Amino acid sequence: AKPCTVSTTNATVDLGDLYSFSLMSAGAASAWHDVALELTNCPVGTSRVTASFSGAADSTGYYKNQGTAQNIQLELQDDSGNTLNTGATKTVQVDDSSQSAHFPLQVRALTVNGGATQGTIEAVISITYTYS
């Protein structure tokens, strides 16, 4: 189907200062941070938008920290609590009254194995849309 207008080209989640003291036990995680992706002006014939997610994983499957803090994974979840690791998709129905589509997502840092170390956190998740 024809494409909508992508109205969120770039978004940034700043997790702030996390503490290794509280990222010691396996499975410890930061609070969730909200991020939304907006599509507008969906053309006639387009009833669904599918987002596809990419970026480098680490051994845990979650997105690799490209910064210096060790044992830090980055996790993206959808509105159903599903993890959107690299290669995942999420499909939303267009609201015909506004010809728009909204993707409410959340992000957190996670330590799968525990024992996070001090350092930076940096990652980028890319999103590419198909239309049907």
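Each residue number is its position in the shown sequence, starting from 1.
- For the pair 39-47 and 22-30, the mean Cα B-factor is higher in 39-47.
- Higher mean CA temperature factor between 86-94 and 51-59: 86-94, per the PDB entry.
- When the modelled residues of the chain are ordered by C-alpha B-factor, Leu74 sits in the lowest third.
- For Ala101, the recorded CA B-factor ranks within the highest third of the chain. Only modelled residues enter the ranking.
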